[PDB]
>>> print(open('coords-v4.cif').read())   # mmCIF, C-alpha atoms and all ligand atoms
data_target
loop_
_atom_site.label_atom_id
_atom_site.label_comp_id
_atom_site.auth_asym_id
_atom_site.auth_seq_id
_atom_site.Cartn_x
_atom_site.Cartn_y
_atom_site.Cartn_z
CA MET O 1 19.86 -0.12 -11.28
CA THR O 2 17.04 -2.20 -9.83
CA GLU O 3 13.67 -0.49 -10.36
CA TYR O 4 10.55 -1.41 -8.42
CA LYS O 5 7.12 -0.86 -9.98
CA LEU O 6 4.49 -0.49 -7.25
CA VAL O 7 0.92 0.78 -7.23
CA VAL O 8 -0.74 2.79 -4.46
CA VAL O 9 -4.26 1.47 -3.82
CA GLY O 10 -6.85 2.32 -1.19
CA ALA O 11 -10.04 4.28 -0.56
CA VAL O 12 -10.93 7.93 -0.03
CA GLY O 13 -10.18 8.92 3.56
CA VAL O 14 -7.18 6.75 4.33
CA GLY O 15 -4.14 8.83 3.43
CA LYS O 16 -2.82 7.97 -0.02
CA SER O 17 -0.76 11.05 -0.86
CA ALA O 18 -0.21 11.52 2.88
CA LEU O 19 2.14 8.54 2.77
CA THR O 20 3.84 9.35 -0.52
CA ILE O 21 4.50 13.06 0.11
CA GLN O 22 5.63 12.27 3.67
CA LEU O 23 8.28 9.77 2.52
CA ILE O 24 9.19 11.47 -0.77
CA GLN O 25 9.66 15.10 0.34
CA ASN O 26 9.12 14.58 4.09
CA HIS O 27 5.98 16.71 4.27
CA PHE O 28 2.56 16.01 5.79
CA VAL O 29 -0.48 17.55 4.10
CA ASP O 30 -3.77 18.09 5.95
CA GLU O 31 -5.79 18.88 2.84
CA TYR O 32 -6.96 15.90 0.79
CA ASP O 33 -6.68 16.06 -3.00
CA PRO O 34 -8.54 13.59 -5.27
CA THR O 35 -5.68 12.16 -7.31
CA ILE O 36 -6.21 10.42 -10.64
CA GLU O 37 -2.80 9.62 -12.13
CA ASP O 38 0.83 10.57 -11.50
CA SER O 39 4.26 9.02 -11.09
CA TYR O 40 6.22 9.17 -7.85
CA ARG O 41 9.86 8.13 -8.09
CA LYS O 42 12.60 8.06 -5.45
CA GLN O 43 15.88 6.23 -4.89
CA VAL O 44 16.31 4.24 -1.69
CA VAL O 45 19.43 2.55 -0.36
CA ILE O 46 18.63 -0.89 1.04
CA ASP O 47 21.23 -3.42 2.19
CA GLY O 48 23.88 -1.20 0.65
CA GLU O 49 22.17 -1.22 -2.74
CA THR O 50 20.68 1.86 -4.37
CA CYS O 51 17.40 1.17 -6.17
CA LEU O 52 14.66 3.28 -7.73
CA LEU O 53 11.05 3.06 -6.56
CA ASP O 54 8.35 3.88 -9.10
CA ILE O 55 4.94 4.22 -7.47
CA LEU O 56 1.71 5.03 -9.28
CA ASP O 57 -0.94 6.78 -7.18
CA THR O 58 -4.26 6.02 -8.84
CA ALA O 59 -7.81 7.06 -7.96
CA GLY O 60 -8.94 5.57 -4.65
CA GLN O 61 -12.37 4.74 -6.07
CA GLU O 62 -13.91 1.84 -8.00
CA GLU O 63 -14.50 4.21 -10.93
CA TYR O 64 -12.12 2.76 -13.52
CA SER O 65 -12.84 -0.94 -12.99
CA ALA O 66 -11.33 -1.88 -16.35
CA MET O 67 -8.15 0.02 -15.54
CA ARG O 68 -8.14 -1.55 -12.07
CA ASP O 69 -7.98 -5.05 -13.58
CA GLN O 70 -5.31 -3.74 -15.95
CA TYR O 71 -2.44 -2.60 -13.69
CA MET O 72 -3.33 -5.36 -11.21
CA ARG O 73 -1.53 -7.74 -13.58
CA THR O 74 1.72 -6.49 -12.05
CA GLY O 75 1.61 -7.83 -8.50
CA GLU O 76 5.11 -6.85 -7.43
CA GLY O 77 3.97 -5.44 -4.12
CA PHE O 78 0.46 -4.45 -3.12
CA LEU O 79 0.22 -1.73 -0.50
CA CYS O 80 -2.99 -2.64 1.31
CA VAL O 81 -3.61 0.58 3.22
CA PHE O 82 -6.71 1.10 5.35
CA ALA O 83 -7.93 3.41 8.11
CA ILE O 84 -8.12 1.96 11.61
CA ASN O 85 -11.01 4.37 12.18
CA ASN O 86 -12.98 3.20 9.16
CA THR O 87 -13.99 -0.47 9.39
CA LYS O 88 -15.57 -0.15 5.93
CA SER O 89 -12.16 0.39 4.34
CA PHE O 90 -10.81 -2.56 6.34
CA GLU O 91 -13.49 -5.06 5.33
CA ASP O 92 -13.04 -3.73 1.79
CA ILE O 93 -9.76 -5.64 1.59
CA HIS O 94 -11.72 -8.81 0.82
CA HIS O 95 -13.30 -7.09 -2.19
CA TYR O 96 -9.85 -6.44 -3.62
CA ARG O 97 -8.45 -9.78 -2.42
CA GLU O 98 -10.92 -11.76 -4.55
CA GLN O 99 -9.87 -9.74 -7.60
CA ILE O 100 -6.12 -9.64 -6.86
CA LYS O 101 -5.84 -13.45 -6.84
CA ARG O 102 -7.75 -13.47 -10.12
CA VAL O 103 -5.68 -10.87 -11.99
CA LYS O 104 -2.34 -12.00 -10.55
CA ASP O 105 -3.44 -15.59 -11.25
CA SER O 106 -1.44 -16.69 -8.23
CA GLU O 107 -2.44 -17.65 -4.71
CA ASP O 108 0.88 -16.60 -3.24
CA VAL O 109 1.54 -12.88 -3.50
CA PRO O 110 3.71 -10.69 -1.23
CA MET O 111 1.50 -7.92 0.12
CA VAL O 112 1.59 -5.69 3.18
CA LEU O 113 -1.35 -4.56 5.28
CA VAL O 114 -0.76 -1.09 6.67
CA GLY O 115 -3.13 0.70 9.01
CA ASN O 116 -3.00 4.48 8.82
CA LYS O 117 -4.11 7.10 11.36
CA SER O 118 -2.81 4.85 14.13
CA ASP O 119 -1.67 7.91 16.08
CA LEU O 120 -5.23 9.22 16.06
CA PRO O 121 -7.59 8.69 19.05
CA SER O 122 -10.47 7.53 16.85
CA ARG O 123 -9.76 3.79 16.62
CA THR O 124 -12.35 1.27 15.46
CA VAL O 125 -10.19 -1.58 14.22
CA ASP O 126 -7.79 -3.05 16.78
CA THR O 127 -4.29 -4.36 16.03
CA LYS O 128 -5.26 -7.93 17.02
CA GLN O 129 -8.42 -7.80 14.89
CA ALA O 130 -6.50 -6.45 11.90
CA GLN O 131 -3.83 -9.11 12.36
CA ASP O 132 -6.55 -11.77 12.62
CA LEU O 133 -7.78 -11.09 9.10
CA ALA O 134 -4.27 -10.37 7.82
CA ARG O 135 -2.97 -13.77 8.95
CA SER O 136 -6.06 -15.31 7.35
CA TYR O 137 -4.78 -14.13 3.97
CA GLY O 138 -1.14 -14.68 4.82
CA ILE O 139 0.03 -11.09 4.91
CA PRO O 140 1.70 -9.12 7.74
CA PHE O 141 0.14 -6.08 9.42
CA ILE O 142 2.16 -2.93 10.05
CA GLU O 143 1.33 0.27 11.93
CA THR O 144 1.64 3.46 9.86
CA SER O 145 1.27 6.70 11.79
CA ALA O 146 1.35 9.35 9.07
CA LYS O 147 0.90 12.46 11.23
CA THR O 148 3.80 11.51 13.52
CA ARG O 149 5.77 9.92 10.66
CA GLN O 150 6.34 6.79 12.73
CA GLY O 151 6.92 3.42 11.08
CA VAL O 152 6.21 4.88 7.64
CA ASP O 153 9.83 4.58 6.48
CA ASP O 154 10.52 1.22 8.17
CA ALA O 155 7.30 -0.35 6.84
CA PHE O 156 8.42 0.50 3.32
CA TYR O 157 11.52 -1.63 3.79
CA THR O 158 9.45 -4.59 4.97
CA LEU O 159 7.75 -4.94 1.59
CA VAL O 160 11.12 -4.76 -0.19
CA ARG O 161 12.31 -7.66 1.97
CA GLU O 162 9.26 -9.65 0.86
CA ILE O 163 9.92 -8.95 -2.81
CA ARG O 164 13.56 -10.01 -2.40
CA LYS O 165 12.53 -13.29 -0.76
CA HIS O 166 9.83 -13.85 -3.40
CA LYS O 167 12.61 -13.80 -5.98
CA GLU O 168 15.05 -16.32 -4.52
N1 LIG T 201 4.36 5.62 -13.18
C1 LIG T 201 4.37 5.48 -14.51
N2 LIG T 201 5.11 4.60 -15.18
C2 LIG T 201 6.03 3.67 -14.51
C3 LIG T 201 5.27 2.39 -14.12
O1 LIG T 201 5.29 1.40 -14.86
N3 LIG T 201 4.65 2.45 -12.95
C4 LIG T 201 3.96 1.40 -12.50
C5 LIG T 201 3.85 0.24 -13.26
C6 LIG T 201 3.11 -0.83 -12.78
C7 LIG T 201 2.47 -0.74 -11.55
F1 LIG T 201 1.74 -1.78 -11.10
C8 LIG T 201 2.58 0.42 -10.79
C9 LIG T 201 3.32 1.49 -11.27
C10 LIG T 201 4.99 4.65 -16.52
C11 LIG T 201 4.13 5.54 -17.00
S1 LIG T 201 3.43 6.40 -15.65
#
>>> encode(input="coords-v4.cif", output="structure tokens")
Amino acid sequence: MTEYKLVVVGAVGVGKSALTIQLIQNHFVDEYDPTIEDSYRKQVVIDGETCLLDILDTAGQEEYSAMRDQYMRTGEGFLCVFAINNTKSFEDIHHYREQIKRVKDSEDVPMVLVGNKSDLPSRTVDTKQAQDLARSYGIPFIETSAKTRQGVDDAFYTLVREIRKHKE
């Protein structure tokens, strides 16, 4: 069976486990829990093929810099999640971008920019603005409304399509 090794990156206040738990057990949690390390695995049927998705939810802080540069060597699919309400987490993508290209040692890497809390009234970053920077890097921007569970499942398939095309 085809297994996909992905890492869940981001900052504190975006919705890390809010995406995982919502797609894994279909549950939305209001309380935020500072995660350090764990393994989330689930089987998904795409294009008639059943595959296993292994996602590692690491600390959403620049605490373990050495460890950050470690797992970044596996650039299968980077989930660039940010909060549309927090511009700081959006402009933080560049901070990771400069490192990603260094660790991956490749200019071309299939990544997906997903904005969370899109169903929330508090919006600072606009879709066009987000897409402006996204297209600057060469990555697509998707809307991920966690609370309503809209686009969360579909957006997960988009990255798989990228990985498949990056192969052959
Ligand atoms: N989770 C866990 N495991 C599995 C794996 O591998 N994962 C991953 C990899 C890489 C990346 F990047 C992300 C995720 C083992 C132990 S714990």
>>> closest_residue(input="coords-v4.cif", among="O:124, O:17, O:74, O:58", to="ligand LIG 201 (chain T)", atoms="all atoms listed in the file")
O:74
>>> axis_aligned_box(input="coords-v4.cif", around="ligand LIG 201 (chain T)", padding_each_side="4 Å", output="AutoDock Vina command-line options")
--center_x 3.9 --center_y 2.3 --center_z -13.9 --size_x 12.3 --size_y 16.2 --size_z 14.2
>>> closest_atom_pairs(input="coords-v4.cif", of="chain O", to="ligand LIG 201 (chain T)", cutoff="8 Å", atoms="all atoms listed in the file", output="CSV")
residue,atom,partner,partner_atom,distance
O:5,CA,T:LIG201,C4,4.6
O:6,CA,T:LIG201,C8,4.1
O:7,CA,T:LIG201,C8,3.9
O:8,CA,T:LIG201,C8,7.5
O:37,CA,T:LIG201,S1,7.8
O:38,CA,T:LIG201,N1,6.3
O:39,CA,T:LIG201,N1,4.0
O:40,CA,T:LIG201,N1,6.7
O:41,CA,T:LIG201,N1,7.9
O:54,CA,T:LIG201,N3,5.5
O:55,CA,T:LIG201,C9,5.0
O:56,CA,T:LIG201,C9,4.4
O:57,CA,T:LIG201,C9,7.9
O:71,CA,T:LIG201,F1,5.0
O:72,CA,T:LIG201,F1,6.2
O:73,CA,T:LIG201,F1,7.2
O:74,CA,T:LIG201,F1,4.8
O:75,CA,T:LIG201,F1,6.6
O:76,CA,T:LIG201,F1,7.1
>>> residues_around(input="coords-v4.cif", residues="residue 27 (chain O)", least_positions_apart="5", cutoff="12 Å", atoms="all atoms listed in the file", output="ChimeraX atom specification")
/O:17-22,146-149
>>> atom_distance(input="coords-v4.cif", atom1="CA of residue 140 (chain O)", atom2="CA of residue 115 (chain O)")
11.0 Å
>>> closest_residue(input="coords-v4.cif", among="O:122, O:150, O:2, O:131", to="residue 44 (chain O)", atoms="all atoms listed in the file")
O:2
>>> atom_distance(input="coords-v4.cif", atom1="CA of residue 118 (chain O)", atom2="CA of residue 23 (chain O)")
16.8 Å
